[PDB]
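Q: PDB entry and its sequence, pasted below:
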Amino acid sequence: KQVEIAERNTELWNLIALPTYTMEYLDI
Amino acid sequence: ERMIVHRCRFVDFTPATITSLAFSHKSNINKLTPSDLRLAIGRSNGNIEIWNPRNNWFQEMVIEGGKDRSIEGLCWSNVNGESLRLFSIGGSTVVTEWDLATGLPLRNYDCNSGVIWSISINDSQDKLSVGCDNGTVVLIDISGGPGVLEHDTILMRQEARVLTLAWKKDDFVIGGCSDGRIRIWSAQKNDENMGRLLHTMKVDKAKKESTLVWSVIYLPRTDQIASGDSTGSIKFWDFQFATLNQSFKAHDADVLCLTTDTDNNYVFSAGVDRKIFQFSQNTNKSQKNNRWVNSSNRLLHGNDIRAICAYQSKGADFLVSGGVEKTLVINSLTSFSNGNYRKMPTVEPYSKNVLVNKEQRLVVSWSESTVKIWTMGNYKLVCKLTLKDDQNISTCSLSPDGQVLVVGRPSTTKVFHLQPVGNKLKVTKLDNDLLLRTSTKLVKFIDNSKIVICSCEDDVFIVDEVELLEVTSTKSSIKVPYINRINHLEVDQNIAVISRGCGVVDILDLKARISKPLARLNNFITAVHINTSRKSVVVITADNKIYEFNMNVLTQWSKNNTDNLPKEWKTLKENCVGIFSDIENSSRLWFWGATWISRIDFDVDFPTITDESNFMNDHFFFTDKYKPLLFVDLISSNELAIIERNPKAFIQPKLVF
Amino acid sequence: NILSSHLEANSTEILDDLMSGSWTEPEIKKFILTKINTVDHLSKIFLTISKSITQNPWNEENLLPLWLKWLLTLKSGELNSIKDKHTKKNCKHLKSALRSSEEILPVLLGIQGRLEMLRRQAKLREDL
Amino acid sequence: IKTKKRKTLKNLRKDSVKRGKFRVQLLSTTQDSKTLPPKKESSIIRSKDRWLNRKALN
Amino acid sequence: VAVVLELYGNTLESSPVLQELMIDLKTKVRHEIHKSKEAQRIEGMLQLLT
Amino acid sequence: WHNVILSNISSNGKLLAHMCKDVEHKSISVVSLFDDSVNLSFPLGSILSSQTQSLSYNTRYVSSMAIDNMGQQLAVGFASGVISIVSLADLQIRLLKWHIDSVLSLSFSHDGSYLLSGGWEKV
Amino acid sequence: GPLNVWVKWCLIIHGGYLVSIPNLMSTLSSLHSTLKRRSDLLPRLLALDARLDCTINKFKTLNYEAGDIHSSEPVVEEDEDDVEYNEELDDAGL
RNA sequence: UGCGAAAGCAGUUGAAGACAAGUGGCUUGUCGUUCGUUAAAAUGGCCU
């Protein structure tokens, strides 16, 4: 369980286009 | 629900690469600029277009040739007092002298030798040089107004594909040829060496590649010739004594064109690695030595340059260039390091290319000799027609029903009717032979069965007869003969409106077919649209001054808000192209240029380019986010369709920091 | 359920440790996916977990720091420069609380090697 | 249903082939090549475009 | 590979081809961390036997 | 003269040129010291293009300068790394553009044909 | 691994003999040097695993969210819609 | 910025002036400007 939490919080430590047609809206 | 918009990027329409261009007039720095300035662009699908550089560059006249024809050279002829004429080439052995009346080649001189490679008009415009491919340089005499072309002489043959030509005066023709050498033929009347060359000056070669000079121009003040070639070596040769004054290995690849100004303080070269740079001779000690410096550089382009030109006046001085990316770039000439350049949009479609209709919610998009029809709902690309008798396409308008489609070509124009069987159409040609034998510039669909047609001979007819009033001939219209030529006409239920490029706009009856003009315009009439509500036609000129008129003449909205227009409308660069009205208030009108959209009311009032000379005679809404704009309109009531545009090269690498 | 009540408590008040308890009662990576699918300004639960992790970095419960590391690797974009009052010293002493693991990992694998060695060598010492 | 379409399109668009000993070319309508005069000589404009897309430059 | 996945994250989102390269690179990193962990265990038991 | 921020002497010593910083911007002046055959002044906005009229300050920053022997070719070297040669008869410019970093040393040769320079990278 | 088992089992079966050998590291100085060369680069490969797992997991959950066109798409481009309508004059003549 | 171990420890962050731009005043930006605190962006890349 110590090596499990150790590798998990070292993981914590190192964790620290245009489509062709669309439909839009405008205003008035 | 507010206005629901279609961003539509379907149609793969693009103009082809521009290859050549030429100004009409001569520079003349200390002269007020002429009112008949034109600029001719020739692309690589044979669509020679024209532009007018005043009033922020409005394109007016397109002369399009269809499938499998190009232009890699053209020039103007303007003798003092007669019609400006274009001589262009195709791919093959004919100098095509175009009209400037109605877009038709009035003469096509098959030149006697070779395949043509470059034209150069002579000074005083009586002689012309073409350079063939067998080796010859042919002189063609053009005197006797339009229509006339005679072979005069061919000069001394050689074994090099003659690539570029330029006159000095009426005497010496300088021609750069595809061995490397630039040669200097003489061709002068009453002198013992006519048709003979004098010198073959030789540019420096390279071992791994056939070096060939792509252009050569003459410089009259310092009596030199500038040559640009396929190693980038821009070389300045002395004319008499016929040798090299100085050299530059400035460029990095093939130099393709170059130009100067009217007293030769500058030489602007531009090649295939798009680096356009400017050699100068401005200082008094440098012109005492008459020696050129490698003064300034500028990169401006994406892929290429294939042609360049320059112009000067006392109110205008600018350079225009273009390449294999399809645009048109304009710099201030005498302030090249200082000047604010300007990119043109790749399409300013003042002759439109895509139409829509609100029955079946369909869009027709006509490319070159090809139409494509689809409709809305996603969507379905319904049908695609190709035509082989139709070669150079024109306006192609659909009915106010999904039935009758008229496709225009100035030789033969056709009509189909359309049976929608669902996920595909069925297209049925119908023989209209009076239509097929007349010539059509505008087809506009008055009613659902009968149509109106303009003519290539300034007539107006009805298919499925009409008269117009004449117009006087101003001397600028003599100097360029399509000023007095009808350019726009609009119909809706037996009322028409026509408008030339002269500044005159007429109404037209249909129940009686009489003109009743209402001229009201100084400069070029860009876009017109009738309005059934209030009996009012809206015009908008190239000055972006909007007007509306009443028939049986003015509303105070048109009297006040025109000169008290909005601020974007004041500072607008790209001109308006298309007009249409709204779904719900028939006097609110939603119109558009190729880089913007303005939806205007009718009562809500509110409290470089050439500019020296006169004209061509002698709630508010404004949006921008659809800038590569082909065609906007209304599919149906609450919706509004944009029709947009979307997509090797030389590796000029951007420095990473 | 438990995730919905946790999201309601998180949008309601300062019951973030009780929200960690509710996500513990759910006990799912799918529940972590649900809470990171929930859209709001999700600040200060990082402050709660920074205080909890710095006061107990060697706690056997995988699920609360797994939930917050999944939040970090999913919403790692929209939190970087958005808060800089106490967050710099907060993350700095969080990192100072987390250096201990990567400096003890080789000696922990060394004791693991000694223990595997001694275990299977005593298993080999089997006496027929 | 695969190539019969373009085959009959080819055999309607081409000029005629040698019957017997000699050949026969057609003669097009004069009311076609009167508004767009040449045909672009492909065998040399492909040469200029090949030179401008030379492999020596990139 | 760390700086290429730092600089090309959105192209990893769009393009489907190198996703399997990232997947079996994850497997190669897991294989190599397993091998280096057992080699660290051998270093530990040599530190016992000295 | 009152404010100087950069001044250099002709290599033969018959000329100098200094800067003034006299707002409507910072200015350049060239003064002959033995005789008074050449003396002139201008704002350096004329030397600047419009490509540098709006962008960053390290291309408006004149970093070094030098004069020819005769008195008709001035050279400024900007901190981005371009070298604007200007004339002194008509104030027209010339863009010598290779230095990627700032220009520290530059000087004419004894005639005015060879601009010899050297900047941050050791060339 | 398939001979890391070999290099451990010799230690496991015989340890006390080479412990009582008075010069261990002098003649075993190659093997534990090789193993420390193999094992001293753990932290940055943990960093590799962290950043790689972060990027590929973010891409995987976004593709699982927005992979909703995996049955039938890319319509409105048909050769049969083009069929003989793209001729439109071969059918007019023939 | 200070210490210290290659890791981490404690703490900065202002005041004034000038100039410019944009909307007579007013908003925004630069400093070969002063005091005080220990506190990326010119097509431009290396010779025989």
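A: Perfect, thanks for sending it. Numbers count the residues shown, from 1 in each chain, chains lettered A, B, ... in the order given.
Q: when you work out contacts or count neighbours from here on, use the C-alpha atoms and nothing else.
A: Noted.
Q: stretch B:401-416 near chain D anywhere?
A: Yes - applying CA under 8 Å from any CA of the partner chain, one finds stretch B:401-416 touching chain D at residue B:411.
Q: what does that stretch contact?
A: Applying CA atoms under 8 Å, 6 or more residues apart in numbering or on different chains, the contact partners of stretch B:401-416 are B:357, B:359-360, B:390-399, B:417-420, B:427-432, B:435-443, B:448-449, B:456, D:32, D:35.
Q: grab the nearest non-local neighbour of the residue nearest the centre of chain E.
A: Centroid-nearest residue in chain E: residue E:29, 1.9 Å away (criterion: CA atoms, centre = their mean). Spatial nearest neighbour of residue E:29, chain neighbours left out: residue G:49 (6.6 Å); criterion: CA to CA, 6 or more residues apart in numbering or on different chains.
Q: tell me which residues touch that neighbour, please.
A: E:26, E:29, E:30.
Q: output these as a markdown table; include the columns distance to residue G:31 and secondary structure.
A: A markdown table is the format used below for these (distance: CA to CA, whole Å; DSSP: H, G, I helix; E, B strand; the rest coil):
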| residue | distance to residue G:31 | secondary structure |
| --- | --- | --- |
| E:26 | 28 | helix |
| E:29 | 23 | helix |
| E:30 | 24 | helix |
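Q: which one of these is nearest to chain B?
A: Of all these, residue E:26 has the smallest distance to chain B: 30.9 Å, by CA to the nearest CA.
Q: quick one: stretch B:30-43 to chain centroid distance?
A: For stretch B:30-43, the separation from the chain centroid amounts to 12 Å (computed by CA atoms, centre = their mean, to the nearest Å).
Q: and the end-to-end length of it?
A: Stretch B:30-43 has an end-to-end distance of 32 Å (CA to CA, to the nearest Å).
Q: in it, what counts as buried?
A: B:33, B:34, B:35, B:36, B:37, B:38, B:39, B:40, B:41, B:42, B:43 (16 or more other CA atoms under 10 Å in any protein chain shown).
Q: adding secondary structure, write those out as CSV.
A: Compiled in CSV, the buried residues of stretch B:30-43 are given as follows (DSSP: H, G, I helix; E, B strand; the rest coil):
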residue, secondary structure
B:33, coil
B:34, coil
B:35, coil
B:36, coil
B:37, coil
B:38, coil
B:39, strand
B:40, strand
B:41, strand
B:42, strand
B:43, strand
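Q: list phi and psi for the residue positioned nearest the centre of chain F.
A: Geometric centre of chain F, nearest residue: residue F:76, 2.7 Å, by CA atoms, centre = their mean. Main-chain torsions, residue F:76, degrees, to the nearest 10: phi -110, psi 150.
Q: do residue G:35 as well
A: phi -70, psi -30.
Q: from residue B:459, how far out is it?
A: Shown here: residue G:35 relative to residue B:459, a distance of 96 Å by CA to CA.
Q: now residue B:596
A: 34 Å.
Q: cool, and residue G:2?
A: Taking CA to CA, one finds residue G:2 at 95 Å from residue B:459.
Q: for these two, indicate the residue with more neighbours.
A: Shown here are residue G:2 and residue B:459; by other CA atoms under 10 Å in any protein chain shown, residue B:459 has more neighbours (16 against 6).
Q: doesn't residue B:470 make contact with that one?
A: No - counting by CA atoms under 8 Å, residue B:470 is not a contact partner of residue B:459; they are 10.7 Å apart.
Q: which bits of chain G sit near chain E?
A: Taking CA under 8 Å from any CA as the contact definition, chain G meets chain E at G:1, G:4, G:8, G:15-16, G:18-19, G:24-25, G:32, G:35-36, G:38-39, G:42, G:45, G:48-49, G:51-53, G:55-56, G:59, G:62-63.
Q: for chain B, what lies in contact range of RNA strand H?
A: Selection of chain B residues close to RNA strand H by CA under 7 Å from any atom of the strand yields B:275, B:297, B:298, B:299, B:652, B:653, B:654, B:655, B:657.
Q: most neighbours out of the residues you listed, which is it?
A: Among these, residue B:275 has the most neighbours (other CA under 10 Å), with 24 neighbours.
Q: quick check: it touching residue B:250?
A: No - under the criterion of CA under 8 Å, residue B:275 is not in contact with residue B:250, lying 9.9 Å apart.
Q: buried among the residues of chain G next to chain E? Make that a ChimeraX selection.
A: Per 16+ other CA under 10 Å, the buried members of those correspond to this ChimeraX selection:
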select /G:8,15,32,35,38,39,42,45,48,49,51,52,53,55,56,59
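Q: top helix in chain G by residue count?
A: Counting by DSSP state H, the longest helix found in chain G is helix G:42-65.
Q: now find how far off-centre that one is within its chain.
A: On CA atoms, centre = their mean, the centre of helix G:42-65 falls 11 Å from that of its chain.
Q: can you name the next helix or strand after that helix?
A: As assigned by DSSP states H and E, the chain's next helix or strand after helix G:42-65 is helix G:79-82.
Q: contact partners of that next one?
A: Contact with helix G:79-82 is made by B:382, B:383, B:384, B:385, B:424, as judged by CA under 8 Å, 6+ apart.
Q: just to revisit the earlier point, and the residue nearest to the centre of chain E, how far from chain C?
A: From residue E:29 across to chain C, the span is 17 Å (CA to the nearest CA, to the nearest Å).
Q: you'd agree that residue is up against residue G:45?
A: Yes - the criterion here is CA under 8 Å, and residue E:29 meets it with residue G:45 at 7.4 Å.
Q: now residue B:596, nearest residue through space, not along the chain?
A: Nearest to residue B:596 is residue B:624, by CA to CA, 6+ apart, at 4.7 Å.
Q: so how many other residues sit close to the one you found?
A: Using other CA under 10 Å, residue B:624 has 12 other residues around it.
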